[PDB]
Amino acid sequence: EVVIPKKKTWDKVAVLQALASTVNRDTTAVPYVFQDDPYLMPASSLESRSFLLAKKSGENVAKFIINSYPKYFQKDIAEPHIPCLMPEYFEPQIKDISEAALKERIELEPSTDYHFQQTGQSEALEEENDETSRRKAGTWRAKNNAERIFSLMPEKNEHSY
Amino acid sequence: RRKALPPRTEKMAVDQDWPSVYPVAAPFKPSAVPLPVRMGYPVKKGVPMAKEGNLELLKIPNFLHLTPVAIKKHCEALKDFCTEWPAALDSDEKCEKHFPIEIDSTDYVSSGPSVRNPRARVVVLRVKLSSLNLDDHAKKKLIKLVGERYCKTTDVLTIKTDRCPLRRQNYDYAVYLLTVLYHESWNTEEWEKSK
Amino acid sequence: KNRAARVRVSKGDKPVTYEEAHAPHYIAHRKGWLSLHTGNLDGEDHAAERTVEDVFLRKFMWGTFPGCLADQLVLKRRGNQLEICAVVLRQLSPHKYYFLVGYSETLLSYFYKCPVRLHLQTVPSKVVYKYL
Amino acid sequence: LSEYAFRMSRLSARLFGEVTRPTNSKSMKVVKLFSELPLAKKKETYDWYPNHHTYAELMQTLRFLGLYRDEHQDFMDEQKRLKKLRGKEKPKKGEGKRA
Amino acid sequence: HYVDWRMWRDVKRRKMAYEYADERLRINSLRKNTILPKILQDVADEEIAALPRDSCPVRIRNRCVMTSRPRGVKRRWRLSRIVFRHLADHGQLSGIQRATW
Amino acid sequence: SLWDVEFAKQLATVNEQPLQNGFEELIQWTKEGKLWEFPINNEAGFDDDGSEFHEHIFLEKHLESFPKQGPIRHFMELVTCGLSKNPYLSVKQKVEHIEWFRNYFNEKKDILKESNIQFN
Amino acid sequence: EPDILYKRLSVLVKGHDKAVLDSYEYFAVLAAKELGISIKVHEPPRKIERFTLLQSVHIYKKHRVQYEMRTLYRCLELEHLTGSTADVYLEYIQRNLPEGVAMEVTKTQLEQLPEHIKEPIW
Amino acid sequence: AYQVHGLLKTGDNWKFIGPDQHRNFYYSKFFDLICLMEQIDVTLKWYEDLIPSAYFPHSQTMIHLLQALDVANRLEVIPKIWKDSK
Ligand SMILES: [Mg+2]
């Protein structure tokens, strides 16, 4: 009599490819990263590089001025709550702790301060979020710090090597 | 400093696809549109504005992205996510005899990032009582317990349910209320003899 | 003598455009509205906040660009979209223009919590329609 | 309206979720106020005046860093500078009437 | 930088009424009750009278968020009568057109 | 794991592609998380902490330190019926109000004892 | 999991002018005829709100300025549509929904009989 | 060249362009190959899909395009090419 077929479960990929990814490519089309007005069209590679670098510098200075005053970008009005609308934090959140404070100071003049705090509060530096951060930031200092951590603490050897 | 670049009017061709130029609802950029359309109130002896710097063409939303061939291609590409309607539910009589329970929904829209709507919580349950197993005393007791929430002409039970922010909870609550109504109709209490 | 947002005629050396040379009794006739959203219709909430956001955006765009706006702003509130339809004169470098566009887009998207894409319209000079 | 009608009304109130036993009119205020949102917690009552202090501080810090060209504040500063240069400036902290 | 004081007092009173709301709701619920002895109603009235002022929804004054006008303010867009006509003649309110019948 | 983060950044900077039209723009906006979910609804986010209907309607399992026949029970049933038909507050706030009223009635016991009735 | 089959549903579209909503409903009926929905066309009555306000700031009561609020109504009537087809139609409507109109989705799903409706004894 | 064009951005635009200078060099090489391999139709298609979609040309690629246009009688759009090269 009345048949009941099973429903299809599609997320944000099937409908996207069925709607947007079902057209052709324009012939004389400039890259859509910029604008479309005739006076601001990229005529060569130099103009495109300059516009891209200007956009990157604008984004960087915007993020910098947002991180400088975090108390002006917190009153949300949206509902789905986009996770990419919250600035990152770089100041430590633990004072009386040792390993947790060192990790918060390293991950979240920062690496040296974290190393000094770990040496003062007697905190064993692990092989994750410590040696790699010291090698990426600072390379005789990183080697000296690794040697000091290996001489003062004997945990994992393969990861340290 | 100062420079000059030719627009896309004399740069494109004639045998070119249209939706490939204006995919999304663009606010009409006088550049890739080779249509010198003039809109505005002119003067007695003069020429009105054309397309460049025209505020009327910028405020009014343009409908150049819904090309007929593009609409046909979009409707054809979405055939994979469709379900054919069964032939057993073509007439309304068979639909009412098979599925006599209707559940309405309230989904509106708001301008801005706000998604919550205080008027999107009502879900009226319309069930036709002409197909259920209702005798005489049970049906009379059900009508007495309902009161005015039952139509005496179309015979469609209309009960308004809105006691939670969600909708499936209200649906389950209405189903439970209907279940208790059907249970109490088959029961006789001590004060029913003194009717 | 009831004078509104119109331009007073004096002699013959005031290059006015189409927005400043119209009376408010011709908006729904020979003009129109700058913005457009569903908050003004009957039966819908969230309107005062939208007007405050619009006036704040207009003040910000007028203060950041010194005289770069030849007319006004044409905003479009489509669900979760804030499209800016402004005009910029051809008096500066395109690199600075793109820098300002990117900065404004980032600031608006990080402040109003809404994806914003700007669309500029280069005008070689100031907009003009009559010499009223 | 007799005993049977009263029993049916109490049964309907208990089923749909109302007041079963009979009450007065002043006692209905509690239920009619708990069944809705109070005036002091409406979505448009406390949000009538947004935090304008934050917007003012943002405009001030954008004008200070040169990211915002506020002509009104510049005109005010120019007028204050002209008034101070004319010979009528603001007195110090704790000087004026007793000077 | 602001220049007015009545707007600041009004927003402070609004914030204090939003903070002090559950207690006032409970007191008002204990008030309007034909049942329950009068001593509880009397002590509730004494407690709600002993509370400091500037924290009550009664003192809420619907003013404008641009001019802070006391009387003559719409409750829709939260503004006075002159700013409304001003921004309507400028052209920001879509649909709000001059009545021509 | 900083090495995994560096590997992900390398994959991202290798598999990069410029923009062509507005379709890629909206695709990027949807993948970034800026647009709403499609068939926009009214229950995305605020789901009342994943509760059902028995926790909103049946509130008898929250009244234990109260009698069965009396004015106190009448007031408790009244406030329960008021909290039941309230789609603006959550069940946690209802339980908080119930326990606050319970503590308030248990604190002032002299008046309840002098009211020619007992309080349970 | 079984699919949810719908019977009748309407998408009320209310805007400011008339040409935009006319073109939108024309596109909608074209998309419906090019897929297999078979709908009709109707127009509910309109509602215009007018209020009277002052013109100046002092003693100027004899000169008043009024404003209007045009809000038309254009709703369709989608019939004989399943769940996936209704979802696809709603997606197509939302992907091209202008900023000057609204949307009121009122779907009516189908349901046979619950678990306790036959002969249940608590 | 056909395999590179098919594996570039025809399926997944990932290994098509790593930066800017390499992408410009690859586009110039593809244009020179299309101009020195087939006749004039493929050269015009490459100039419309590369020189008009990416950026302007360099010196050797521009000289090769000019030679291919002169060898097939196509001297009409030399001013725009000269302006782009300048
Ligand atoms: Mg007059």
* Filtered GluC sites (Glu not before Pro), segment B:75-162: DSSP coil and at most 13 other beta carbons within 10 Å -> B:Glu84, B:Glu148
* Separation between Cα centres of segment F:94-120 and segment C:1-70, rounded to whole Å -> 61
* Structure fact -> Rg (one decimal) and Dmax (whole number) from the Cα set of chain B, in Å, equal 30.3, 100
* Report the FRET efficiency, 1/(1 + (r/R0)^6), for A:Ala14 and H:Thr10, where r is their Cβ-Cβ distance and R0 is 22 Å, rounded to 0.05. => 0.55
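Counting only C-alpha contacts under 8 Å and six or more residues apart, can you give the relative contact order of chain C as a whole percent? Walk me through the intermediate numbers first.
Details: 153 pairs, mean separation 42.6, N = 132.
So the answer I get is 32 percent.
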* Asked: For segment C:5-132, what is the percent of antiparallel DSSP beta bridges, rounded to the nearest 5?
  -> 45
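Let me know the mean shielding of D:16-23 by other chains, meaning the per-residue number of their Cβ atoms within 10 Å of its Cβ. Intermediate values should be presented prior to the final figure.
Working: counts 10, 8, 3, 5, 3, 5, 0, 5.
Rounded to a whole number, the mean comes out at 5.
For each of H:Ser59, F:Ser115, count neighbouring Cβ atoms within 10 Å of the residue's Cβ, then give the residues from fewest to most.
Values: H:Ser59 9, F:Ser115 15.
If I rank by nearby Cβ atoms, fewest first, I get H:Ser59, F:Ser115.
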* Asked: Which is the longest run of chain C containing none of the trypsin sites (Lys or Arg not before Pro) found in DSSP loop states (not H, G, I, E, B) with at most 14 other C-beta atoms within 10 Å?
  -> C:12-125
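When B:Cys164, E:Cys56, C:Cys85 are ordered from fewest to most other Cβ atoms inside 10 Å of their Cβ, what list results?
Values: B:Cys164 24, E:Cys56 16, C:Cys85 20.
Lowest to highest Cβ neighbour count: E:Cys56, C:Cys85, B:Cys164.
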* What nm value, rounded to one decimal, do you get for the distance between A:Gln93 and C:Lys59 when each label is placed 7 Å out toward the C-beta? -> 3.5
* Structure fact -> Out of C:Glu20, C:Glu44, C:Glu53, a Gaussian network model of chain C with alpha-carbon springs under 10 Å gives the largest mean-square fluctuation to C:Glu44
* To do: Rounded to whole Å and sorted largest first, list the principal axis extents of the Cα atoms in segment E:1-91.
  => 61, 29, 18
* With a point put 7 Å past each Cα toward its Cβ, work out how far G:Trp122 is from B:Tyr150 in nm, to one decimal. => 2.3
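Looking at segment G:1-99, which chymotrypsin sites (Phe, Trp or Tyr not before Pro) are DSSP coil and have at most 10 other C-beta atoms within 10 Å of their C-beta? Before the final figure, lay out each step's value.
Working: sites: G:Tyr6, G:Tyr24, G:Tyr26, G:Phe27, G:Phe51, G:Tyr60, G:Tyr67, G:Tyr73, G:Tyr89, G:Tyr92; in loops: G:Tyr60, G:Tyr73.
For chymotrypsin sites (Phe, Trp or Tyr not before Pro) across segment G:1-99 that sit outside H, G, I, E and B with at most 10 neighbouring Cβ atoms in 10 Å, the list reads G:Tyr60.
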* Enter the mean number of other protein chain beta carbons within 10 Å of the beta carbon of each residue in E:62-72, as an integer. => 2
* Structure fact -> Any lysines whose Cα falls less than 18 Å from that of B:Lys79, other than same-chain ones fewer than 8 residues away, would be A:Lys6, A:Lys7, A:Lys8, A:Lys12, G:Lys33
* Asked: Can you list the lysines whose alpha carbon is less than 18 Å from that of A:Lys103, not counting same-chain residues fewer than 8 positions off?
  -> A:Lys95, A:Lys136, A:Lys156
* To do: Provide, for chain H, the number of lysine pairs with alpha carbons under 20 Å apart, each pair being eight or more places apart or on different chains.
  => 6
* Please tell me the relative contact order of chain F in percent, rounded to the nearest whole number, where contacts are Cα pairs under 8 Å and at least six residues apart. => 22
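Dipole magnitude of chain H about its Cα centre, charges +1 at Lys/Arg Cβ and -1 at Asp/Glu Cβ only, in debye to the nearest 20? Kindly include the intermediate steps, with their values, before the conclusion.
Details: 9 positive and 10 negative charges, 46 e Å.
With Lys and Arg at +1 and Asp and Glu at -1, about 220 debye.
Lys pairs in segment D:16-99, Cα-Cα under 16 Å, at least 8 apart or on separate chains: how many? If you can, show how the numbers build up before the last one.
Details: D:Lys32/D:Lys41; D:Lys32/D:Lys42; D:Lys80/D:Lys88; D:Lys80/D:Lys90; D:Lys80/D:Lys92; D:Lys83/D:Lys92; D:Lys84/D:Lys92; D:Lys88/D:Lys97.
Taking the Cα cut-off of 16 Å, the pair count is 8.
Taking only DSSP H segments of four or more residues, each worth -39500 (n - 2.57), what value at 222 nm results for chain C once the sum is divided by all its residues, to the nearest 500 deg cm²/dmol? Each step should come with its number before you reach the end.
Working: 3 runs with 39 residues, N = 132.
Mean residue ellipticity at 222 nm (helix-derived): -9500 deg cm²/dmol.
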* Gaussian network model of chain E, springs between alpha carbon atoms under 10 Å - residue of E:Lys15, E:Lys74, E:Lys38 with greatest fluctuation -> E:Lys38
* Fewest-first sequence of B:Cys82, C:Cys114, B:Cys151 by Cβ atoms within 10 Å of each Cβ -> B:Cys151, B:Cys82, C:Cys114
* Across peptide B:158-167, what mean number of C-beta atoms from other chains lies inside 10 Å of a residue's C-beta? -> 5
* Structure fact -> By the C-alpha gyration tensor axes a ≥ b ≥ c (rounded if a/c is under 1.5, else prolate when a/b exceeds b/c, else oblate), the shape of segment A:53-161 is prolate
* Tally of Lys pairs whose C-alpha atoms are under 29 Å apart, taken over chain F, 8 or more apart or cross-chain -> 21
* **Fluctuation leader among F:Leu83, F:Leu26, F:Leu11 - chain F, Gaussian network, Cα springs under 10 angstrom** => F:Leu11
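Computed from the coordinates by the stated procedures, all read-outs in this text should not be read as laboratory data. FYI the Cβ positions are ideal-geometry reconstructions off the backbone, even for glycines, and counts take in every protein chain you see.
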